[PDB]
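*Asks:* When we follow mature numbering (1 follows the signal peptide of the UniProt record, and there is no 0), the leftmost residue of the sequence shown carries the number 7, and every step to the right adds one.
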Amino acid sequence: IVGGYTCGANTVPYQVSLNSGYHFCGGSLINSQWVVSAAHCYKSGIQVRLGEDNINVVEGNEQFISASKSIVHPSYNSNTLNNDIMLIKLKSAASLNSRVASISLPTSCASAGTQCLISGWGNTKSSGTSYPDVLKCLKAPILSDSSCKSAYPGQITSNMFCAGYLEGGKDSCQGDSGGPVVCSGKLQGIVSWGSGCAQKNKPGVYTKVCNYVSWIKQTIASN
Ligand SMILES: N=C(N)c1ccc(NC(=O)Nc2ccc(Cl)cc2)cc1
Ligand SMILES: [Ca+2]
Numbered sequence: 007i008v009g010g011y012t013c014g015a016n017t018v019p020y021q022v023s024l025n026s027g028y029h030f031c032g033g034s035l036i037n038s039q040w041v042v043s044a045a046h047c048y049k050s051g052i053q054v055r056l057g058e059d060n061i062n063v064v065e066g067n068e069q070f071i072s073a074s075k076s077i078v079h080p081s082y083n084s085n086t087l088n089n090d091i092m093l094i095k096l097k098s099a100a101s102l103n104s105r106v107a108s109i110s111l112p113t114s115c116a117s118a119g120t121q122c123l124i125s126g127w128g129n130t131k132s133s134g135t136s137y138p139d140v141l142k143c144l145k146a147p148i149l150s151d152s153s154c155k156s157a158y159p160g161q162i163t164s165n166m167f168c169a170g171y172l173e174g175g176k177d178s179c180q181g182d183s184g185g186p187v188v189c190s191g192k193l194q195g196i197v198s199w200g201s202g203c204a205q206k207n208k209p210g211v212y213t214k215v216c217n218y219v220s221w222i223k224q225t226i227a228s229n
């Protein structure tokens, strides 16, 4: 996250870190046994780490559970990043409490102008690299789909939306991939892509989770 603030330990209880020997992507817990993340974060051998704040120090609220199945969206296209979303089932259910909790799926798509909370342990600089150990947060509006499409001509599909600031300065970034965009207490987006980070006229682009709710519910019902 570039230009955000330190969230505070366990203030984002649905935030997950995906670990394969190191943190490589975020995710969101959507019930005690399932995590949603970005399909471009797919790897075999994922361990899901819940209840995290400092990812390099064991602080006492963590649950580390390995994945039993990963399901990338059937129409994920890695060239266009259309349908960048995947479901991860945990080997055993997480114990849910105030510090480890799930986030609700949306019943409606959020509109442009709604302020949302994006969080993750990704890069905090638009030039150079510095990865934080504690979770960073950013409040950002969803942008109109015409300003999103003017920023990225020919690249925005109906399963994507832009959120951020067209003047740059504040944005999600590499390592934030797969993490949550929450608006009005519902999961509305998944950190997906963008050109650089926090650059002028290049806002972050996010998977539009309200288009996938029937696919998620159906897949969790049968797996
Ligand atoms: N500006 C951002 N919000 C931003 C920019 C880039 C990323 N990350 C990626 O674009 N990562 C990535 C995308 C596709 C593939 Cl195939 C591999 C990595 C995340 C957020
Ligand atoms: Ca920790």
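The C-beta atom is built at its ideal place from N, Cα and C for all residues, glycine as well.
#1: Applying the criterion that 16 or more other CB atoms from any shown protein chain within 10 Å of the CB defines a buried residue, is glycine 195 buried or exposed?
#2: Which residue from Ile77, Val8, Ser34 and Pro19 puts its Cα closest to that of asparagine 67?
#3: In chain order, what are the residues with a CB under 6 angstroms from some non-hydrogen atom of ligand 1?
#4: Under a three-way DSSP split, which group does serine 198 fall into?
#5: Should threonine 113 go down as buried or exposed, given a rule of 16 or more other Cβ atoms within 10 Å for buried?
#6: Taking just the CA atoms, how far does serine 23 sit from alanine 100?
#7: Any heavy atom of ligand 2 inside 6 angstroms of the beta-carbon of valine 63?
#8: Where does residue 310 land, buried or exposed, given buried means 16+ other C-beta within 10 angstroms?
#9: What are the start and end residues of the beta strand (DSSP E) that includes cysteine 143?
#10: Please tell me whether, using a cut-off of 6 angstroms, the distance from the CB of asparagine 60 to the nearest non-hydrogen atom of ligand 2 is below it.
#11: Look at the alpha carbon of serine 164 and the alpha carbon of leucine 123, and state the distance between them as a whole number of angstroms.
#12: Within this structure, are the beta carbons of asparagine 129 and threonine 135 separated by less than 7 angstroms?
#13: Taking its Cβ as the centre, do 16 or more other Cβ atoms sit within 10 Å of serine 198, making it buried, or is it exposed?
#14: Per DSSP, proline 186 forms a beta bridge with which residues?
#15: Look at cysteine 203 and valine 8 and say whether their C-beta atoms are less than 7 angstroms apart.
#16: Since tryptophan 127 sits in a beta bridge, which residues does DSSP pair it with?
#17: Excluding five sequence neighbours on each side, which residues of the same chain lie with their C-beta closer than 6 angstroms to the C-beta of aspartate 90?
*Replies:* Answer, in terms of the structure:
#1: Burial call: buried.
#2: Cα-wise, what sits closest to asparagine 67 is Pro19.
#3: My final list is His46, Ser84, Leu87, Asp177, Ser178, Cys179, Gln180, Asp182, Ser183, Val197, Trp199, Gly200, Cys203 and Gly210.
#4: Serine 198 falls in the strand class under three-state DSSP.
#5: Exposed is the call here.
#6: Looking at the two C-alpha atoms, the distance is approximately 14 angstroms.
#7: Remark: the shortest separation between the CB of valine 63 and any heavy atom of ligand 2 falls under 6 angstroms.
#8: Any answer about residue 310 is impossible in this case: the structure gives the chain only from 7 up to 229.
#9: Counted as a single uninterrupted DSSP element, the beta strand (DSSP E) harbouring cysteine 143 occupies residues 142 to 147.
#10: Checking the Cβ of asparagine 60 against ligand 2 gives yes.
#11: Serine 164 and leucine 123: Cα-Cα distance of roughly 21 angstroms.
#12: Yes, they are a contact pair.
#13: By the Cβ neighbour-count rule, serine 198 is buried, with 16 or more other Cβ atoms within 10 Å of its own.
#14: Per DSSP, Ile196.
#15: Contact check for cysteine 203 against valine 8 passes: the beta carbons are separated by less than 7 angstroms.
#16: The partner list for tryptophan 127 (beta bridge, DSSP) is empty, contrary to what the question assumes.
#17: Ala44, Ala45, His46, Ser198 and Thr213.
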